[PDB]
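Heads up: the structure comes next, in structure tokens.
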Amino acid sequence: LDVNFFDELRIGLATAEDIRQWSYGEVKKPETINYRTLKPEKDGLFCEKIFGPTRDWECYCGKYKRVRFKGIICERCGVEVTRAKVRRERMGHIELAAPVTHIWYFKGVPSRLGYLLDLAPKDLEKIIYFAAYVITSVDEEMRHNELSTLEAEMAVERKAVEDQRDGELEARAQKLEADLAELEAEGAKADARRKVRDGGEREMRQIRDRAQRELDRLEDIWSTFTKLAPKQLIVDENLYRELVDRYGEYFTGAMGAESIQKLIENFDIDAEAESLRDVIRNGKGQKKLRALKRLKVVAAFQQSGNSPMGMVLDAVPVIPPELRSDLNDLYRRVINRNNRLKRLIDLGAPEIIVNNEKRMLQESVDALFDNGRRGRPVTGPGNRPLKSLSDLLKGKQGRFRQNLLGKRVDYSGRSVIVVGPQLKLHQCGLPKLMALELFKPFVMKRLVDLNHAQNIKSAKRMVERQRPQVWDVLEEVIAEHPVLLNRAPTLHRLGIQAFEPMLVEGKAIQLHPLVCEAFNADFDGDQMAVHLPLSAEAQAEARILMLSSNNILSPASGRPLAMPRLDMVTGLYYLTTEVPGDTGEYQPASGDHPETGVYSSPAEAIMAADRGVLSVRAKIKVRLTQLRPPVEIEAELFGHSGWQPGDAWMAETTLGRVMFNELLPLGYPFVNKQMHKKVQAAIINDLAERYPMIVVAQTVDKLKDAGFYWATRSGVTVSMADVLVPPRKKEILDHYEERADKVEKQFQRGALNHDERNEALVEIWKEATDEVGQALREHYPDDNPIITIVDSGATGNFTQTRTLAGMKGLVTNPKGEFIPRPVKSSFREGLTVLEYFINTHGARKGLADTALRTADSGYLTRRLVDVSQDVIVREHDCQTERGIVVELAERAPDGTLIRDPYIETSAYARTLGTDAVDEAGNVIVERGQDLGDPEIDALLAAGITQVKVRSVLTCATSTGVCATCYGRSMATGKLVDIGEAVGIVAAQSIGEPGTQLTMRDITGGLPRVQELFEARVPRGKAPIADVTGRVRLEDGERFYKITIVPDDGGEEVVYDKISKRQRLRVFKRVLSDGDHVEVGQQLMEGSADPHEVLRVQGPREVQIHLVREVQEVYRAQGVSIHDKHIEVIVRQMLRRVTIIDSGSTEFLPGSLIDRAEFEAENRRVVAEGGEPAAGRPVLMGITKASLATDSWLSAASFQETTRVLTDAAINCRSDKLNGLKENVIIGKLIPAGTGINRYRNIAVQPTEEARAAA
DNA sequence: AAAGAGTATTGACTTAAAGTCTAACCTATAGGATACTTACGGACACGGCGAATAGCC
RNA sequence: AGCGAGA
DNA sequence: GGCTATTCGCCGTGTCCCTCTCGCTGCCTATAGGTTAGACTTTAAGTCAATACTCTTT
Ligand SMILES: [Mg+2]
Ligand SMILES: [Zn+2]
Ligand SMILES: [Zn+2]
């Protein structure tokens, strides 16, 4: 059977010997099962004598029927009596009467047979489908001697044909003499005599033409010989049969697959490989390019021990009888045609019939291995293609991406989800029936242990009728058993989290609200699947790694994802905001009474608020004795070691803020700020950074509770009366309609064309839009429900508010342009019919655009994951000096350090490569620090901008990356572990903001991202500066010519065809003709292809370019992704070098070889004679990088299955099963996280003191 | 010390099963001779190939 | 195999 | 003067197109051999039942 001894997996061409070695028999009849008794036939497609017994442990006839007869073969029927399941294991084989060629190596462009034999594809096809003869052997020296003899014999034949030729000419002459005698002897017409005479000499012209035909037929054949050599096709078999009958010897010409077999027999690989290598080394140009193409496959066969006989097949293997009859029918066709061929050869048949039958057999094998590849697919009942033996493997519905990496699983459930706010963050409701069913084994065990049932089957009966006693035991068993909750699609790592389940009454998984965002799961009919870990390892993994309370911060940007939002944030905003002039406010008036605003303790404040005296949102002064004061008050009152739990201090704030601040931990200082969602996020981020995660969970949960309660009390409701239109709307409408009418009049006088007036109206109405928006904003009070919800950060944006009251605005044309009408009505006021009809365009287009974009995003994520499927941490530190530089703050022209806007995703969570230096002073922060917020603050304060940080790009470790160079784990909040699969995390983080990554020709959306990671030359390829020099732009419409005089160098280069419509990117000032340029300044407007920038500026500059561009496109929509994930991908992109000089070491020119292996070869060859094989770095798309891996089982799982398997087979490639996809497919443990060889084999034992306790 | 039950004998009766033989009834194969002798989306990418010009035979 | 539908 | 090679264009074929879930319909005749199936005649295995003696329990 099989064990863990799978260290290496090998694929290769299977020779006929191997095929008949695998087979346990030889099916030779097209009979599946008897129509009447319904049993397999002898020697059929389901023969029990071959593939085993249908029902286990008896032969066909039944002489032996029990287990003790194990491994015995019954003499009567020959069935080996054993287990029945072996029918899924044993193979047959069909011994083809004539050879056939495997399709994959024939039709898959480039035709590997064609390249191996150097036969043109059309030619080869005509050979192997019996349409044109091919020679396979020829003669040499005796060829010379009989060529002289044959020169004499063709002199004889030419003389004979010329003799008949002149005899025909003389017969013409005599018939012409008779004709002229008739013409000029009898009385005939003046022209009729010349009619017959012209006709006669016309007959002679055709006779001389026939002569020329005979000449041709002889000398052309002689010329065919005089330069004859094999592998030479001959169409028009008439010439072939002529040659054979005249030249039966001196060549052997064949037709079909066996012809190719013979061609491969008389084919020495070493001589052809040497000749091709010589041609490449000395010959240049297109000829070299083809010769290189063939050398690929020719070397593939040379280096490996597999001979090219495997391409032509003598026997076809028979898949075991589980396929069970679409595919089976194809097999029947093959067997029918093979048997008929055998009979035809036996009886003795004309060449035509047997040749046609051979062609039919070839076509049948073709259809079997791949139906529809060549010619129309073989169709079945209902006129549909038969699912060929290869269609099982390819596509979405192929075996690789429906059944191997993705499987359906037992012990799982699914239900709709309903918000439950009463649950703790680490809990999830689970309906009683679903839990009972899922846990039916465990509850059975417990109720048999409890003696509620006598035995297992009685217990199973007990549960199947849900007897009343089986609920208490159920509560006992479910306790302390984690469960995973997935919500498809799992866009990112936080799509699946482990909760502790709890029973709930009715049929609905009660989810915790705070994790809603993590799932993006919103309660209107989403269905969340539930999975149940079983093994001790799985339960530990779920309880520890996956627990919902253990994953608060996003793995992408680390911002808290359990943060309160929507309702809770609104409640907190209402609680912590301050309303001057409210009841119970503070007033310091004296001379008549005290301030009457202060309170002894917060408890006093709540007791007053219970009375209708103190509002929760009034300014007051409370003597706090249990909340830590802010930094300044602590530093003033206590200064050094203020022990707050007993100390008291006077706080001038609102009671609501006090009630809030009690929810934070004891150590957190008093905040005293209005709780915008932003401020909440900052608070939670700081809390997670400082305090342990469990505290973060508890605080977040308390926050949710308070938020919901106070949102209920917040008094936020929507009514028409609460939606206040702006009173100045009509005046603005008139004011801007006046300009619109003016533009209409100017157009009606021909002042401007349609496009110009469309743009003018667009501008006028957009201005009107902004004006009414401003009027509405300033018209609203602050306490309004709508402004309250929007401005608190709870949800929605002011554009929606403005559309709700005021004016919706310009509506998109279904092409994408702007309707110049535009809509002038608020939804509150109610849109008119035509305004609504115009509006529908935009919404329908948006909905449509969502679908295609999510499809493309999913595909992109698949690509990125595959490329990064093997980027996992391996070492703590490589100590590599190399690093990248990040700018941080930029010097102000007046002199000042303004923090760079995009610092939170660039330098945060990075390890310093070199010690910081200040004014050539001491080190503020030395090498090897996480560079968390205080560090960057210190650097900014001291006055340093550029800092050298370590990154994955400049990581010295060959395998994966090291912990330090990668930097901080964004999710865990500390340094990375030695098993984290940072590659998968990176890719998923890039892909997650898909769809929400929208757009508004050079691309700028998800297509632009794809292009950046695909290395595709952009459409708007703006030229870039190459060498510093004064520019001499010339004027060419669509073909700007651009000269640049090199500062030092060679020759200025002019760019023949560059688009004029672009706008020159500004330089040190707008870039203009006559200006000295840089080595990288973008000349024109638009992007630049990354290959060019690489070739100009080395690997570092192209790296920085790619990261900057992708980050830009993402930032353009406001999604924050840390730079490091991108760095990981671009690192994966730059790992291969192109070979210019082969040196003398097995490196074909143009080969894409890994840099680590490149260096290894170099250190191998420096000794024993040095031949440095020069190479240059190169940038290759994500797809190519993935498909260039050293693992065929992963590349095959990825895409374009047929080609990758054919290539790997020809190379006899062996997969070492080191990646993640592979380990998934074969079902052994991934080498990542808890699977690597340092954790996978930990030894655990008690202590000697513990043994003493025993 | 007595009685009842179990562990044996033996014969007597009984029924499944099973090994021949039949028979008859399906079942698989071959053959049929006046003369006729031709069907019925769209984008990316690479590799197999138009149009040109110059040099060499 | 084909239809329709939810997220 | 013509053909081929080194240089461009041009066109054709192949590959890909997110995930998860729910319900419903689609001529004839002649030979020879197998074939089990079906009944007859054996068994072989099973069931009943008389009898009696010995051992254990009350
Ligand atoms: Mg929803
Ligand atoms: Zn048998
Ligand atoms: Zn490193």
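In order, the residues displayed for chain A correspond to 2-325, 338-1013, 1023-1090, 1097-1282 in Swiss-Prot numbering, which applies throughout.
Using N, Cα and C of the backbone, Cβ positions are placed for all residues, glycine too.
As written in Swiss-Prot, here are the features:
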- A:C60, A:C62, A:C75, A:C78: Zn(2+) 1 binding site (BINDING)
- A:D535, A:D537, A:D539: Mg(2+) binding site (BINDING)
- A:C891, A:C968, A:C975, A:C978: Zn(2+) 2 binding site (BINDING)
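On the structure: features taken from Swiss-Prot.
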residue	record	contacts (Cβ under 8 Å, 6+ apart)
A:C60	Zn(2+) 1 binding site	A:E49, A:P54, A:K66, A:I74, A:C75, A:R77, A:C78, A:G79, A:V80, A:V82
A:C62	Zn(2+) 1 binding site	A:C75, A:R77, A:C78
A:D535	Mg(2+) binding site	A:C529
A:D539	Mg(2+) binding site	A:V429, A:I430, A:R500
A:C891	Zn(2+) 2 binding site	A:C968, A:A969, A:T970, A:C975, A:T977, A:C978
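Only A:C60, A:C75, A:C78 of the binding-site residues listed as A:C60, A:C75, A:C78, A:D535, A:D537, A:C968 bring a Cβ under 6 Å of any atom of ligand 2; the order follows the sequence. Looking only at the binding-site residues A:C968, A:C975, A:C978, the densest Cβ neighbourhood within 10 Å occurs at A:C978. Following the DSSP three-state reduction, the secondary structure of A:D539 (Mg(2+) binding site) is coil. Proximity to ligand 3 at the level of Cβ atoms, with a cut-off under 6 angstroms, picks out A:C968 from the binding-site residues A:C75, A:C78, A:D535, A:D537, A:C968. In the vicinity of ligand 1, defined as a Cβ distance under 6 Å, the following of the binding-site residues A:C75, A:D535, A:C978 are placed: A:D535. Each of the binding-site residues A:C75, A:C78 was assessed for Cβ neighbours inside 10 Å, and the highest tally belongs to A:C75. Each residue in A:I430, A:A534, A:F536, A:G538 lies on the same chain as A:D535, A:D537, A:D539 and has a C-beta within 8 Å of the C-beta centroid of that Mg(2+) site, without being one of the site residues. A:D537 (Mg(2+) binding site): 7 other CB atoms within 10 A of its CB, across all protein chains. Other than the site residues A:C891, A:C968, A:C975, A:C978, same-chain residues with C-beta atoms no more than 8 angstroms from the centre of those residues' C-beta atoms, the Zn(2+) 2 site, are A:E888, A:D890, A:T893, A:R963, A:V965, A:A969, A:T970, A:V974, A:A976, A:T977, A:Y979. According to DSSP, A:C62 (Zn(2+) 1 binding site) is assigned to coil rather than to any helix or strand. The secondary structure of A:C975 (Zn(2+) 2 binding site), as reduced to three states from DSSP, is extended strand. Under the DSSP three-state reduction, A:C968 (Zn(2+) 2 binding site) is assigned to coil, being neither helix nor strand. DSSP assigns A:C75 (Zn(2+) 1 binding site) to coil in the three-state reduction, outside any helix or strand.
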